[PDB]
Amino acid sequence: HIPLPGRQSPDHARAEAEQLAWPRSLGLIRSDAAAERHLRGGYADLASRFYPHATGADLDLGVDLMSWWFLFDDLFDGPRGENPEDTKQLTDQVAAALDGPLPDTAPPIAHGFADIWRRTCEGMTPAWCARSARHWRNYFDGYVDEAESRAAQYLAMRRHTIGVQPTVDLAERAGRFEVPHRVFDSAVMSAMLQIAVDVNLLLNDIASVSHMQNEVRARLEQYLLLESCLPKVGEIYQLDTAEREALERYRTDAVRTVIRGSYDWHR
């Protein structure tokens, strides 16, 4: 039960046909078998549903983030994912791209992230990049915390490793807009983003138990309640005409798409 319209970028065919060129050029995919395994994931299709408002190079950046993220998560399914020290050793080299240029000795997965992070920040305000860099560190730090494992207790850990916030951040960059920063920090928007995080991880774990389906139903109903409060929220923070349009873009092209896009991709 998701009362949100399914949407997909009109440039999804070209983005899916060219998805392999970027990971091959950064050494993330080096064999024809690895390429076919990547195409079987449908990651470009997922990006076209997360970012239906993006075409061309903007959508290609969304495809690359999906390609990089699943290539990154697969590097921890072996013995390294069980040892938290080796997990932090790799995430530190990736997260170092948020602090400055990476040394040439960095693994290819690190140079890949740096290329994505460089394109994510172009054209965005300095305060937006600092906030988005902060969101990545929260994911990497939560990735190390989850590695230190070798109902409410699992939510506090999975809410950072589900990666919804860095996905939503790219929708702003892909749409070339920024939600008003004081509205992002609002209690209403935080509750909406918390719903988008909780629903995404509940749907991903589906891969006595009907209690989870009703939890998704309840949070989606609460999400609609919070959406109706946004007009009054815009007045509380004294939004102008352009800021209200950016807030509307953020609601439809970033938060709504990250909830509906994951459902249509899993199904």
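In case it trips you up, residue 1 is the first one in the sequence shown, and so on.
Using none, 1 to 3, 4 to 9 or 10 or more, say how many deposited residues go missing between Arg150 and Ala151. Missing in between: 4 to 9 residues.
Please classify the coordinate gap between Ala207 and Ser208 in terms of deposited residues: none, 1 to 3, 4 to 9, or 10 or more. Per the record, 10 or more deposited residues are absent between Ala207 and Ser208.
Can you tell me which stretch has the higher mean Cα B-factor, 57-65 or 217-225? Here the higher of the two C-alpha B-factor means belongs to 217-225.
Stretch with the higher entry mean CA B-factor, where the candidates are 152-160 and 89-97: Stretch with the greater average CA B-factor: 152-160.
Would you mind checking which of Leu71, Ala106, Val183, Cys121 has the top Cα temperature factor in the PDB entry? The C-alpha B-factor peaks, among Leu71, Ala106, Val183, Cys121, at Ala106.
Which one, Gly142, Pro166, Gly78, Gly175, has the peak C-alpha temperature factor per the PDB entry? Max CA B-factor in the entry, restricted to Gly142, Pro166, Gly78, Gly175: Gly78.
Relative C-alpha B-factor of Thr125, binned into the chain's lowest, middle or highest third: Tercile = middle for this residue's CA B-factor.
Just say lowest, middle or highest third for the CA B-factor of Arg49 relative to the other modelled residues in its chain. Bottom third by C-alpha B-factor.
Rank-wise, by C-alpha B-factor, drop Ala34 into the lowest, middle or highest third of its chain. It belongs to the middle third of the chain when residues are ordered by C-alpha B-factor.
Taking the C-alpha B-factors as the PDB entry records them, is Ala171 in the lowest, middle or highest third of its chain? It belongs to the lowest third of the chain when residues are ordered by C-alpha B-factor.
With respect to C-alpha B-factor, does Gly6 fall in the lowest, middle or highest third of the chain as deposited? CA B-factor rank for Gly6: lowest third.
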